[PDB]
Amino acid sequence: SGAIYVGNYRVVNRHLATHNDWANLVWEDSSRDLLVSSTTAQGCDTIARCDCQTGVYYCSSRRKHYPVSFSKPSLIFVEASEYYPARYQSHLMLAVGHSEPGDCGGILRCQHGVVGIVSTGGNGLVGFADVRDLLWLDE
Ligand SMILES: NC(=O)[C@H]1CCCN(C(=O)Cc2cc(C(F)(F)F)ccc2Cl)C1
Ligand SMILES: [Zn+2]
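Residues numbered from 1 in each chain as written, not as in the entry; some residues may be left out. Chains lettered and ligands numbered in written order. Heavy atoms only, no water.

- Going by the header, the method for this PDB entry is X-ray crystallography, and the resolution given is 1.470 Å.

1. Some remarks on the pattern of salt bridges
Then step 1. This model, assessed by the stated rule, comprises six salt bridges.
Then step 2. For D21, the salt bridge goes to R10, with nearest N and O atoms at 2.8 Å. Here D21, found in helix α1 (residues 19–23), pairs with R10, found in strand β1 (residues 4–13); they are 11 residues apart in sequence, far enough to count as distant.
Then step 3. A residue is classified by how much of its surface remains accessible, and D21, at 1% relative accessible area, is buried. (Salt bridge = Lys/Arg side-chain N within 4 Å of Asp/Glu carboxyl O. Helix = DSSP H or I, 4+ residues; strand = E, 2+ residues; numbered from the N terminus. Buried < 20%, exposed > 50% of the residue type's maximum accessible area, 1.4 Å probe, protein only.)

2. Quick look at the sheet that holds strand β5 (residues 64–69)
Then step 1. Read across the sheet, seven strands follow the order β5-β4-β8-β9-β10-β7-β6 without closing on themselves; strand pairing throughout is antiparallel. Looking at strand neighbours, the two that pair on one side only are β5 and β6 (74–78), the edges of this open sheet. In this sheet, neighbouring strand axes are inclined to one another by 50° on average, regardless of whether the strands run parallel or antiparallel.
Then step 2. Note: strand β7 (residues 87–96) against strand β10 (residues 125–130), five bridges, orientation antiparallel. Paired with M93 across the two strands is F128, which belongs to β10. (Pairing = 2+ DSSP bridges. Axes fitted to C-alpha atoms, helices over the stretch in contact; angles between N-to-C directions.)

3. A closer look at the environment of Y57
Then step 1. Locating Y57 in the fold gives a position in strand β4 (residues 54–59).
Then step 2. When neighbours within four sequence positions are excluded, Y57 is seen to be in contact with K64, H65, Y66, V68, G97, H98, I107, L108, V118, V126 and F128.
Then step 3. Separated by 2.6 Å, the side chain of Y57 and the backbone oxygen of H98 make a polar contact. (Contact = heavy atoms within 4.5 Å. Polar contact = N/O pair within 3.5 Å; in protein donor to acceptor, adjacent residues only side chain to side chain.)

4. Things to note about the site of ligand 1
Then step 1. Every one of the 16 residues lining ligand 1 counts as a neighbour, but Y84, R87, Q89, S119 and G121 are closest to it.
Then step 2. Here an oxygen atom of ligand 1 and a side-chain polar atom of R87 are 2.9 Å apart.
Then step 3. Separating an oxygen atom of ligand 1 from a backbone N or O atom of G121 is a distance of 3.1 Å.
Then step 4. Relative to its unbound accessible surface of 520 Å², ligand 1 loses 79% to contact with the protein.
Then step 5. For the shell around ligand 1, the secondary-structure elements that each account for two or more residues are β7 and β9 (113–122).
Then step 6. With four residues, β9 is the largest single contributor of residues to the shell around ligand 1.
Then step 7. Here the residues of the shell around ligand 1 are counted per class, giving five nonpolar, eight polar and three charged. (Near = heavy atom within 4 Å. Areas by Shrake-Rupley, 256 points an atom, 1.4 Å probe, with all protein chains shown as cover. Nonpolar A, V, L, I, M, F, W, Y, C, P; charged D, E, K, R; others polar.)

5. Some thoughts on the pairing of strand β3 (residues 34–44)
Regular strands show a simple pattern: their side chains alternate between the two faces of the sheet.
Then step 1. Taken together, the seven bridges between β1 and β3 define a ladder with antiparallel strand orientation. Paired with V11 across the two strands is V36, which belongs to β3.
Then step 2. Counting the residues in the hairpin turn of strand β2 (residues 25–29) and β3 gives four residues, including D33, whose phi is positive at 60°.

6. Let's talk about the environment of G7
Then step 1. In this structure, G7 sits in strand β1.
Then step 2. On the accessibility criterion, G7 (27% relative accessible area) is partly exposed.
Then step 3. Residues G7 and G43, 36 residues apart in the sequence, show an inter-C-alpha distance of 5.1 Å.
Then step 4. Those residues in contact with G7 that lie beyond four places of it in its chain are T39, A41, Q42 and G43.

Laid out in structure tokens, this is it:
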């Protein structure tokens, strides 16, 4: 679990969105595994606006933050799960790192701010949904 809190927005994995998130919906995209809802309180996270390919992510299954090198956002095949059929997920970045299903939502960040959140994983791989192109999160 986990979210990004920027301005009056809450960014979460679409597959983990709550009823309150759907009842206060701003934008959602199944192909990216992202959903954004509105908040009453102002958040403290800032979004990175850069092309970094190194950063640090939070891994809840180890209670640790790990440095990682990650690929550029791209269209990647994701196997069927209890949340989606087998499909291509867009704006996804991969890295070598530990992850488990419940790690979704952990923040990936660089020197400029938040880059994205954990969305997929494998045997020693972790995948992040990029948010750097969502310029409207800043206003
Ligand atoms: N974005 C999606 O389509 C995800 C929806 C939730 C399911 N999903 C995953 O990747 C779940 C996952 C599996 C492993 C495993 F192989 F070890 F078991 C590690 C990490 C994760 Cl995040 C895909
Ligand atoms: Zn950066």
